[PDB]
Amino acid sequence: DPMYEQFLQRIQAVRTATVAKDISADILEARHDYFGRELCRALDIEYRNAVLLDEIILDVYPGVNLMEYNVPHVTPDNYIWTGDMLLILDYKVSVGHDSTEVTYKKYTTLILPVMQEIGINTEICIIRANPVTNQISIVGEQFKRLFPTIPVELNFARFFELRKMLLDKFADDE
């Protein structure tokens, strides 16, 4: 894939910490996205790369009077509308829980209040893949019920080797 080739080329070329950090960030984003794409495929849901909350409201209630509400402009990775419930979806790729809790608290306090005012039943769902062991952990009782089985086959090895190469190249930096 040119994904890896593009990244191998920037890593080979990079000479300073500050540009390497932007490469590091872009590796983790691509790792996140590859997870989200393989998830949405296995679950047959429309893959999206962030959706503005305002877009989400307007899809589930097109007669919304957007201007009459204070809608925080958060862009979660995706969403599912069941016709009766809204599930806000965030994909994580991580060995730890830290970012799952940060995002869970952020989306709970920023999304749910306006959806409660508008009258949309709403659940914050977060799906996390461990890059090392491939195991999937799910926040979202409604998400679990609607997707008890997740038929993804993942492989994060390219991403690990790119970031291992990047951080070997800058072992004695900061």
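Numbering starts at 1 and follows the sequence shown.
For the pair 146-154 and 159-167, the mean Cα B-factor is higher in 146-154. Looking at 61-69 and 27-35 together, the entry lists the larger mean B-factor for 61-69, computed on C-alpha atoms.
Among the modelled residues of its chain, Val51 has a C-alpha B-factor that falls in the middle third according to the deposited record.
Ranked by Cα temperature factor within the chain, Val102 sits in the middle third according to the deposited record. Ranked by Cα temperature factor within the chain, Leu87 sits in the lowest third according to the deposited record. In the PDB entry, a CA B factor belonging to the middle third of its chain's modelled residues is recorded for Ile136.
The entry lists a Cα temperature factor for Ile124 that places it in the lowest third of the chain's modelled residues.
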